[PDB]
Number of protein chains: 2
Amino acid sequence: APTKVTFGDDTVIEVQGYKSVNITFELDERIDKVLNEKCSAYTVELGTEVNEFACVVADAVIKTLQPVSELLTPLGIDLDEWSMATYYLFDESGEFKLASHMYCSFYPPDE
Amino acid sequence: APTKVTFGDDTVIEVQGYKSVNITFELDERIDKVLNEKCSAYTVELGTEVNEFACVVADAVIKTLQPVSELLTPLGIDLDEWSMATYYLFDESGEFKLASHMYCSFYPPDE
């Protein structure tokens with residue numbers, strides 16, 4: 001919800017805070033170069049959690065690859081199987097917290 | 001369109017200016033009481049013109065009176081004429097410039 005700020009008089013503005021998040025994809029090591037081009041730019045609200053931001057990134061990867069579904073099957077990639085995978089998003093140092101540069105992978109951020 | 005403010009780092013904020021407008025009605029001088037109570041509070045963008053503002057106040061007046069349209073016919077009010085009538089909005093001094101307090105009437109602000 002945008003925060004309404006009244007300055008007295010008669011004028012009222014409402015602001016919303018976002019953060020420009022750039023994601024480097026490590027999903028398949030092959031089609032990652034095209035994911036870092038077509039669905040690598042995001043802008044998320046400050047109050048959002050990573051568990052819910054991983055969903056819009058998930059929907060964007062499939063919507064990016066769905067038109068070219070038939071050129072993925074020779075590579076062994078199944079969008080139906082990819083549609084239900086667990087997309088993890090962690091910091092540049094490796095932690096499930098929002099940040100500028102984040103990594104996307106099917107596996108947790110190591111240990 | 002909300003103006004985007006890049007503060008460096010990765011934080012982007014969207015700012016949109018609005019203006020609190022309350023309109024004292026001069027439409028019928030019998031139902032002007034119930035109009036000043038249920039559709040006299042608006043929040044308009046700083047750049048909106050009055051001729052376009054008159055269209056949302058017009059719809060808000062008819063949509064306020066439509067659920068009780070059958071009680072307006074004994075008073076001599078027909079929405080089908082109000083639905084197609086022309087609504088003027090002017091400053092406290094009779095100018096076509098937005099302000100906190102404006103008037104609404106079927107006639108221009110005198111001469």
# chains A, B, ... in the order shown; residues from 1 in each chain; ligands from 1
$ interface_residues --of "chain A" --to "chain B" --cutoff "10 Å" --atoms "only C-alpha atoms" --output "MDAnalysis selection string"
chainID A and resid 2:6 9:22 43:46 99:101
$ write_last_selection --atoms "C-alpha atoms" --output "CSV table (one decimal), in the first residue's frame"
chain,number,residue,atom,x,y,z
A,2,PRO,CA,1.4,3.4,-1.0
A,3,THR,CA,2.1,5.7,1.9
A,4,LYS,CA,0.1,9.0,1.7
A,5,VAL,CA,2.0,12.0,2.9
A,6,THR,CA,0.1,15.2,3.6
A,9,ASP,CA,-2.2,23.3,2.7
A,10,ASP,CA,-4.2,21.3,0.1
A,11,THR,CA,-1.7,19.0,-1.6
A,12,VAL,CA,-1.2,15.3,-0.8
A,13,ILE,CA,1.4,12.9,-2.3
A,14,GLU,CA,1.7,9.1,-2.0
A,15,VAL,CA,5.0,7.3,-2.3
A,16,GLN,CA,6.0,3.6,-2.7
A,17,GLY,CA,9.4,2.2,-2.1
A,18,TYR,CA,11.0,-0.3,-4.5
A,19,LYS,CA,14.4,-1.9,-5.0
A,20,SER,CA,16.0,-2.6,-8.4
A,21,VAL,CA,17.0,-6.3,-8.2
A,22,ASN,CA,19.3,-7.8,-10.8
A,43,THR,CA,11.8,-4.0,-9.3
A,44,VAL,CA,10.3,-5.2,-6.0
A,45,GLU,CA,8.7,-3.4,-3.1
A,46,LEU,CA,10.9,-3.0,0.0
A,99,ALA,CA,19.4,-7.5,-2.0
A,100,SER,CA,20.5,-6.0,-5.3
A,101,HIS,CA,22.4,-8.9,-6.9
$ residues_around --residues "residue 107 (chain B)" --least-positions-apart "2" --cutoff "8 Å" --atoms "only C-alpha atoms" --output "VMD selection string"
chain B and resid 87 to 88 105 109 to 110
$ write_last_selection --atoms "N, CA, C and O atoms" --output "compact mmCIF listing (two decimals), in the first residue's frame"
# COMPACT_ATOMS: atom_id res chain seq x y z
N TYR B 87 -21.71 20.06 -16.40
CA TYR B 87 -21.34 20.44 -15.04
C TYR B 87 -20.11 21.34 -15.09
O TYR B 87 -19.11 21.00 -15.72
N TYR B 88 -20.20 22.49 -14.42
CA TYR B 88 -19.10 23.44 -14.33
C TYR B 88 -18.47 23.38 -12.95
O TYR B 88 -19.16 23.22 -11.94
N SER B 105 -21.93 23.75 -10.47
CA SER B 105 -23.22 24.32 -10.86
C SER B 105 -23.45 24.08 -12.34
O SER B 105 -22.51 23.88 -13.11
N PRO B 109 -19.58 30.67 -13.62
CA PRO B 109 -19.52 31.59 -12.47
C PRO B 109 -19.74 33.05 -12.86
O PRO B 109 -18.82 33.87 -12.91
N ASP B 110 -21.00 33.38 -13.14
CA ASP B 110 -21.46 34.76 -13.36
C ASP B 110 -20.74 35.33 -14.58
O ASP B 110 -20.77 34.70 -15.65
$ residues_around --residues "residue 97 (chain B)" --least-positions-apart "3" --cutoff "12 Å" --atoms "only C-alpha atoms" --output "PDB file with C-alpha atoms, in the first residue's frame"
ATOM      1  CA  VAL B  21     -10.451  18.853  -3.472  1.00  0.00           C
ATOM      2  CA  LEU B  46      -1.880  18.001  -9.875  1.00  0.00           C
ATOM      3  CA  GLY B  47      -1.942  18.032 -13.682  1.00  0.00           C
ATOM      4  CA  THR B  48      -5.597  17.141 -14.238  1.00  0.00           C
ATOM      5  CA  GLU B  49      -7.605  19.758 -16.115  1.00  0.00           C
ATOM      6  CA  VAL B  50     -10.969  20.953 -14.832  1.00  0.00           C
ATOM      7  CA  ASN B  51     -12.944  20.012 -17.956  1.00  0.00           C
ATOM      8  CA  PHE B  53     -12.328  16.707 -13.696  1.00  0.00           C
ATOM      9  CA  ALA B  54     -15.945  17.686 -14.393  1.00  0.00           C
ATOM     10  CA  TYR B  88     -19.105  23.444 -14.330  1.00  0.00           C
ATOM     11  CA  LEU B  89     -16.386  23.571 -11.668  1.00  0.00           C
ATOM     12  CA  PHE B  90     -14.800  26.894 -10.734  1.00  0.00           C
ATOM     13  CA  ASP B  91     -12.579  28.419  -8.062  1.00  0.00           C
ATOM     14  CA  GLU B  92     -13.851  30.288  -5.010  1.00  0.00           C
ATOM     15  CA  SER B  93     -13.344  33.484  -7.039  1.00  0.00           C
ATOM     16  CA  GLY B  94     -14.972  32.035 -10.158  1.00  0.00           C
ATOM     17  CA  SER B 100      -9.087  22.864  -2.232  1.00  0.00           C
ATOM     18  CA  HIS B 101     -12.591  24.369  -2.381  1.00  0.00           C
ATOM     19  CA  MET B 102     -14.556  24.455  -5.636  1.00  0.00           C
ATOM     20  CA  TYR B 103     -18.190  24.908  -6.625  1.00  0.00           C
TER      21      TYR B 103
END
$ atom_distance --atom1 "CA of residue 1 (chain B)" --atom2 "CA of residue 52 (chain B)"
16.6 Å
$ select_by_dssp --residues "chain B" --states "strand (DSSP E or B)" --output "ChimeraX atom specification"
/B:3-6,11-25,41-45,88-90,101-105
$ write_last_selection --atoms "N, CA and C atoms" --output "mmCIF file, in the first residue's frame"
data_model
loop_
_atom_site.group_PDB
_atom_site.id
_atom_site.type_symbol
_atom_site.label_atom_id
_atom_site.label_comp_id
_atom_site.auth_asym_id
_atom_site.auth_seq_id
_atom_site.Cartn_x
_atom_site.Cartn_y
_atom_site.Cartn_z
ATOM 1 N N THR B 3 6.201 9.464 -11.078
ATOM 2 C CA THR B 3 7.592 9.806 -11.343
ATOM 3 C C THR B 3 8.514 8.916 -10.519
ATOM 4 N N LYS B 4 9.473 8.282 -11.189
ATOM 5 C CA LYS B 4 10.434 7.406 -10.532
ATOM 6 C C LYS B 4 11.650 8.209 -10.092
ATOM 7 N N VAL B 5 12.045 8.034 -8.834
ATOM 8 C CA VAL B 5 13.194 8.724 -8.259
ATOM 9 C C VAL B 5 14.243 7.674 -7.926
ATOM 10 N N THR B 6 15.357 7.700 -8.652
ATOM 11 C CA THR B 6 16.476 6.805 -8.393
ATOM 12 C C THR B 6 17.414 7.469 -7.392
ATOM 13 N N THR B 11 17.644 1.485 -4.715
ATOM 14 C CA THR B 11 16.307 1.827 -4.250
ATOM 15 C C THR B 11 15.658 2.811 -5.218
ATOM 16 N N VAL B 12 14.482 2.450 -5.724
ATOM 17 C CA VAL B 12 13.690 3.305 -6.597
ATOM 18 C C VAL B 12 12.359 3.571 -5.908
ATOM 19 N N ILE B 13 11.978 4.840 -5.817
ATOM 20 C CA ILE B 13 10.709 5.227 -5.220
ATOM 21 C C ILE B 13 9.842 5.874 -6.291
ATOM 22 N N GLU B 14 8.543 5.599 -6.232
ATOM 23 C CA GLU B 14 7.566 6.185 -7.138
ATOM 24 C C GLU B 14 6.777 7.245 -6.383
ATOM 25 N N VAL B 15 6.772 8.465 -6.909
ATOM 26 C CA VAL B 15 6.073 9.584 -6.294
ATOM 27 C C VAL B 15 4.991 10.054 -7.254
ATOM 28 N N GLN B 16 3.794 10.287 -6.722
ATOM 29 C CA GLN B 16 2.674 10.792 -7.508
ATOM 30 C C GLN B 16 1.969 11.867 -6.702
ATOM 31 N N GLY B 17 1.831 13.053 -7.289
ATOM 32 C CA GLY B 17 1.214 14.172 -6.603
ATOM 33 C C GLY B 17 -0.292 14.204 -6.809
ATOM 34 N N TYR B 18 -1.011 14.456 -5.718
ATOM 35 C CA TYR B 18 -2.456 14.610 -5.735
ATOM 36 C C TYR B 18 -2.832 15.863 -4.955
ATOM 37 N N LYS B 19 -4.089 16.282 -5.098
ATOM 38 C CA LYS B 19 -4.579 17.476 -4.421
ATOM 39 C C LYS B 19 -5.959 17.206 -3.843
ATOM 40 N N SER B 20 -6.123 17.495 -2.553
ATOM 41 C CA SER B 20 -7.384 17.259 -1.857
ATOM 42 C C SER B 20 -8.385 18.335 -2.258
ATOM 43 N N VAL B 21 -9.417 17.941 -2.998
ATOM 44 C CA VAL B 21 -10.451 18.853 -3.472
ATOM 45 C C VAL B 21 -11.770 18.469 -2.820
ATOM 46 N N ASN B 22 -12.426 19.443 -2.194
ATOM 47 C CA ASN B 22 -13.789 19.289 -1.712
ATOM 48 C C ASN B 22 -14.669 20.305 -2.426
ATOM 49 N N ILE B 23 -15.841 19.859 -2.872
ATOM 50 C CA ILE B 23 -16.682 20.632 -3.777
ATOM 51 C C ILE B 23 -18.015 20.909 -3.100
ATOM 52 N N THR B 24 -18.301 22.189 -2.861
ATOM 53 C CA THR B 24 -19.624 22.606 -2.422
ATOM 54 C C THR B 24 -20.545 22.702 -3.632
ATOM 55 N N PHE B 25 -21.692 22.033 -3.558
ATOM 56 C CA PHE B 25 -22.563 21.879 -4.714
ATOM 57 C C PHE B 25 -23.588 23.004 -4.797
ATOM 58 N N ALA B 41 -15.860 14.766 -1.688
ATOM 59 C CA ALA B 41 -14.466 14.544 -1.320
ATOM 60 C C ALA B 41 -13.766 13.852 -2.479
ATOM 61 N N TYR B 42 -12.741 14.500 -3.025
ATOM 62 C CA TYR B 42 -12.008 13.957 -4.158
ATOM 63 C C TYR B 42 -10.516 14.159 -3.940
ATOM 64 N N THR B 43 -9.726 13.418 -4.715
ATOM 65 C CA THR B 43 -8.266 13.483 -4.653
ATOM 66 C C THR B 43 -7.762 13.392 -6.090
ATOM 67 N N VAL B 44 -7.363 14.530 -6.651
ATOM 68 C CA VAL B 44 -7.053 14.633 -8.071
ATOM 69 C C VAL B 44 -5.568 14.899 -8.261
ATOM 70 N N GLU B 45 -5.040 14.404 -9.377
ATOM 71 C CA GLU B 45 -3.650 14.642 -9.732
ATOM 72 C C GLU B 45 -3.421 16.125 -10.003
ATOM 73 N N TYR B 88 -20.200 22.490 -14.417
ATOM 74 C CA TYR B 88 -19.105 23.444 -14.330
ATOM 75 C C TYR B 88 -18.468 23.385 -12.949
ATOM 76 N N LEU B 89 -17.144 23.520 -12.911
ATOM 77 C CA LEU B 89 -16.386 23.571 -11.668
ATOM 78 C C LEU B 89 -15.463 24.778 -11.724
ATOM 79 N N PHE B 90 -15.573 25.662 -10.735
ATOM 80 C CA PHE B 90 -14.800 26.894 -10.734
ATOM 81 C C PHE B 90 -14.254 27.171 -9.341
ATOM 82 N N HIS B 101 -11.152 24.143 -2.396
ATOM 83 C CA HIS B 101 -12.591 24.369 -2.381
ATOM 84 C C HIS B 101 -13.027 24.824 -3.765
ATOM 85 N N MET B 102 -13.978 24.102 -4.350
ATOM 86 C CA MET B 102 -14.556 24.455 -5.636
ATOM 87 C C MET B 102 -16.071 24.355 -5.549
ATOM 88 N N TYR B 103 -16.742 24.971 -6.515
ATOM 89 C CA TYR B 103 -18.190 24.908 -6.625
ATOM 90 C C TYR B 103 -18.582 24.125 -7.869
ATOM 91 N N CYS B 104 -19.766 23.516 -7.819
ATOM 92 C CA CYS B 104 -20.319 22.775 -8.945
ATOM 93 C C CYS B 104 -21.710 23.315 -9.235
ATOM 94 N N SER B 105 -21.935 23.749 -10.473
ATOM 95 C CA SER B 105 -23.216 24.320 -10.857
ATOM 96 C C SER B 105 -23.447 24.079 -12.341
#
$ atom_distance --atom1 "CA of residue 57 (chain A)" --atom2 "CA of residue 40 (chain A)"
8.7 Å
$ residues_around --residues "residue 77 (chain A)" --least-positions-apart "2" --cutoff "12 Å" --atoms "only C-alpha atoms" --output "list in words"
residues 27, 28, 29, 30, 31, 62, 65, 66, 68, 69, 70, 71, 72, 73, 74, 75, 79, 80, 81, 82 and 83 of chain A
$ write_last_selection --atoms "N, CA, C and O atoms" --output "CSV table (one decimal), in the first residue's frame"
chain,number,residue,atom,x,y,z
A,27,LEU,N,20.3,-21.6,-13.4
A,27,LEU,CA,19.3,-22.6,-13.4
A,27,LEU,C,19.8,-23.9,-14.1
A,27,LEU,O,19.8,-25.0,-13.6
A,28,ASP,N,20.3,-23.7,-15.4
A,28,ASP,CA,20.7,-24.8,-16.2
A,28,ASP,C,22.1,-24.8,-16.8
A,28,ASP,O,22.4,-25.7,-17.6
A,29,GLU,N,22.8,-23.7,-16.5
A,29,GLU,CA,24.2,-23.5,-17.0
A,29,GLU,C,24.3,-23.4,-18.5
A,29,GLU,O,25.4,-23.2,-19.1
A,30,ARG,N,23.2,-23.6,-19.2
A,30,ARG,CA,23.2,-23.6,-20.7
A,30,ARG,C,22.3,-22.5,-21.2
A,30,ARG,O,22.7,-21.7,-22.0
A,31,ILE,N,21.0,-22.4,-20.7
A,31,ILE,CA,20.1,-21.4,-21.1
A,31,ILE,C,20.1,-20.3,-20.1
A,31,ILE,O,19.2,-19.4,-20.1
A,62,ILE,N,9.3,-19.3,-16.8
A,62,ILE,CA,8.5,-20.1,-17.7
A,62,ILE,C,7.9,-19.3,-18.8
A,62,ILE,O,7.9,-19.8,-19.9
A,65,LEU,N,10.4,-18.9,-21.4
A,65,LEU,CA,10.8,-20.1,-22.1
A,65,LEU,C,9.6,-20.8,-22.8
A,65,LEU,O,9.8,-21.7,-23.6
A,66,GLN,N,8.4,-20.5,-22.4
A,66,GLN,CA,7.2,-21.2,-22.9
A,66,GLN,C,7.1,-21.0,-24.5
A,66,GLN,O,6.8,-22.0,-25.1
A,68,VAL,N,9.4,-20.8,-26.7
A,68,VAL,CA,10.5,-21.7,-27.3
A,68,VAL,C,10.6,-23.0,-26.5
A,68,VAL,O,11.6,-23.4,-26.1
A,69,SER,N,9.4,-23.6,-26.3
A,69,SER,CA,9.4,-24.9,-25.6
A,69,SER,C,10.0,-26.0,-26.4
A,69,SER,O,10.5,-27.0,-25.8
A,70,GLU,N,9.9,-26.0,-27.7
A,70,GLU,CA,10.3,-27.1,-28.6
A,70,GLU,C,11.8,-27.1,-28.8
A,70,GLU,O,12.3,-28.1,-29.2
A,71,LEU,N,12.5,-26.0,-28.6
A,71,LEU,CA,13.9,-25.9,-28.7
A,71,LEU,C,14.6,-26.2,-27.4
A,71,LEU,O,15.8,-26.3,-27.3
A,72,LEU,N,13.8,-26.4,-26.3
A,72,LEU,CA,14.4,-26.9,-25.0
A,72,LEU,C,14.4,-28.4,-24.9
A,72,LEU,O,15.2,-28.9,-24.1
A,73,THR,N,13.5,-29.1,-25.6
A,73,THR,CA,13.4,-30.5,-25.4
A,73,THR,C,14.6,-31.3,-26.0
A,73,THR,O,15.0,-32.4,-25.5
A,74,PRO,N,15.3,-30.8,-27.1
A,74,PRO,CA,16.5,-31.4,-27.5
A,74,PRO,C,17.6,-31.2,-26.4
A,74,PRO,O,18.5,-32.1,-26.3
A,75,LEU,N,17.5,-30.2,-25.6
A,75,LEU,CA,18.5,-30.0,-24.5
A,75,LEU,C,18.1,-30.7,-23.3
A,75,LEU,O,18.8,-30.6,-22.3
A,79,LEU,N,9.7,-27.9,-19.4
A,79,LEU,CA,9.0,-26.8,-18.7
A,79,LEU,C,7.9,-27.3,-17.8
A,79,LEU,O,7.7,-26.6,-16.8
A,80,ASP,N,7.3,-28.4,-18.1
A,80,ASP,CA,6.3,-28.9,-17.2
A,80,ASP,C,7.0,-29.3,-15.9
A,80,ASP,O,6.5,-29.1,-14.8
A,81,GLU,N,8.2,-30.0,-16.0
A,81,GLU,CA,8.9,-30.3,-14.8
A,81,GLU,C,9.5,-29.0,-14.1
A,81,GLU,O,9.7,-29.0,-12.9
A,82,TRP,N,9.9,-28.1,-15.0
A,82,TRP,CA,10.5,-26.8,-14.4
A,82,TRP,C,9.4,-26.0,-13.8
A,82,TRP,O,9.7,-25.2,-12.9
A,83,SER,N,8.1,-26.1,-14.2
A,83,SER,CA,7.1,-25.3,-13.6
A,83,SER,C,6.8,-25.6,-12.2
A,83,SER,O,6.2,-24.7,-11.5
$ select_by_dssp --residues "chain B" --states "alpha helix (DSSP H)" --output "ChimeraX atom specification"
/B:32-38,50-65,69-72,79-82
$ atom_distance --atom1 "CA of residue 39 (chain B)" --atom2 "CA of residue 111 (chain B)"
27.4 Å
$ decode --residues "region 86-110 of chain B" --atoms "N, CA, C and O atoms" --output "short mmCIF file (atom, residue, chain, number, x, y, z; two decimals), in the first residue's frame"
data_model
loop_
_atom_site.label_atom_id
_atom_site.label_comp_id
_atom_site.auth_asym_id
_atom_site.auth_seq_id
_atom_site.Cartn_x
_atom_site.Cartn_y
_atom_site.Cartn_z
N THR B 86 -24.51 19.35 -18.40
CA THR B 86 -23.14 19.85 -18.35
C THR B 86 -22.86 20.42 -16.96
O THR B 86 -23.68 21.17 -16.42
N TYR B 87 -21.71 20.06 -16.40
CA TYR B 87 -21.34 20.44 -15.04
C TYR B 87 -20.11 21.34 -15.09
O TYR B 87 -19.11 21.00 -15.72
N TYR B 88 -20.20 22.49 -14.42
CA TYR B 88 -19.10 23.44 -14.33
C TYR B 88 -18.47 23.38 -12.95
O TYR B 88 -19.16 23.22 -11.94
N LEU B 89 -17.14 23.52 -12.91
CA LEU B 89 -16.39 23.57 -11.67
C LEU B 89 -15.46 24.78 -11.72
O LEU B 89 -14.66 24.90 -12.66
N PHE B 90 -15.57 25.66 -10.73
CA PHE B 90 -14.80 26.89 -10.73
C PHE B 90 -14.25 27.17 -9.34
O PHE B 90 -14.72 26.62 -8.34
N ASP B 91 -13.24 28.04 -9.30
CA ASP B 91 -12.58 28.42 -8.06
C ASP B 91 -13.53 29.20 -7.16
O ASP B 91 -14.65 29.55 -7.54
N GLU B 92 -13.07 29.48 -5.94
CA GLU B 92 -13.85 30.29 -5.01
C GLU B 92 -14.10 31.68 -5.56
O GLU B 92 -15.11 32.31 -5.24
N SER B 93 -13.19 32.19 -6.40
CA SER B 93 -13.34 33.48 -7.04
C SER B 93 -13.91 33.38 -8.45
O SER B 93 -13.93 34.38 -9.17
N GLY B 94 -14.38 32.20 -8.85
CA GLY B 94 -14.97 32.04 -10.16
C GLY B 94 -13.98 31.78 -11.27
O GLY B 94 -14.19 32.25 -12.40
N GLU B 95 -12.91 31.04 -11.00
CA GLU B 95 -11.90 30.72 -11.99
C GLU B 95 -11.85 29.22 -12.22
O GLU B 95 -12.11 28.43 -11.31
N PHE B 96 -11.52 28.83 -13.45
CA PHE B 96 -11.45 27.42 -13.82
C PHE B 96 -10.09 26.81 -13.48
O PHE B 96 -9.42 26.21 -14.33
N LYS B 97 -9.66 26.98 -12.23
CA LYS B 97 -8.39 26.46 -11.76
C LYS B 97 -8.61 25.66 -10.48
O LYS B 97 -9.36 26.10 -9.60
N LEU B 98 -7.98 24.50 -10.40
CA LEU B 98 -8.18 23.60 -9.27
C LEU B 98 -7.77 24.26 -7.96
O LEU B 98 -6.80 25.03 -7.91
N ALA B 99 -8.51 23.96 -6.90
CA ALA B 99 -8.21 24.45 -5.56
C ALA B 99 -8.81 23.48 -4.56
O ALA B 99 -9.51 22.53 -4.93
N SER B 100 -8.53 23.72 -3.28
CA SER B 100 -9.09 22.86 -2.23
C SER B 100 -10.61 22.95 -2.20
O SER B 100 -11.29 21.93 -2.01
N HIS B 101 -11.15 24.14 -2.40
CA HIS B 101 -12.59 24.37 -2.38
C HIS B 101 -13.03 24.82 -3.77
O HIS B 101 -12.50 25.81 -4.29
N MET B 102 -13.98 24.10 -4.35
CA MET B 102 -14.56 24.45 -5.64
C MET B 102 -16.07 24.35 -5.55
O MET B 102 -16.62 23.74 -4.63
N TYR B 103 -16.74 24.97 -6.52
CA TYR B 103 -18.19 24.91 -6.63
C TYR B 103 -18.58 24.12 -7.87
O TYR B 103 -17.83 24.07 -8.85
N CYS B 104 -19.77 23.52 -7.82
CA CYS B 104 -20.32 22.77 -8.94
C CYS B 104 -21.71 23.31 -9.23
O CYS B 104 -22.57 23.34 -8.34
N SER B 105 -21.93 23.75 -10.47
CA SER B 105 -23.22 24.32 -10.86
C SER B 105 -23.45 24.08 -12.34
O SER B 105 -22.51 23.88 -13.11
N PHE B 106 -24.72 24.10 -12.73
CA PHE B 106 -25.10 23.97 -14.13
C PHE B 106 -24.86 25.24 -14.94
O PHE B 106 -25.15 25.26 -16.14
N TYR B 107 -24.35 26.30 -14.31
CA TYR B 107 -24.12 27.57 -14.97
C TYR B 107 -22.73 28.09 -14.64
O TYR B 107 -22.20 27.83 -13.56
N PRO B 108 -22.11 28.83 -15.57
CA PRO B 108 -20.76 29.36 -15.33
C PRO B 108 -20.76 30.35 -14.18
O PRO B 108 -21.82 30.84 -13.77
N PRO B 109 -19.58 30.67 -13.62
CA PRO B 109 -19.52 31.59 -12.47
C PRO B 109 -19.74 33.05 -12.86
O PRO B 109 -18.82 33.87 -12.91
N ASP B 110 -21.00 33.38 -13.14
CA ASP B 110 -21.46 34.76 -13.36
C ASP B 110 -20.74 35.33 -14.58
O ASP B 110 -20.77 34.70 -15.65
#
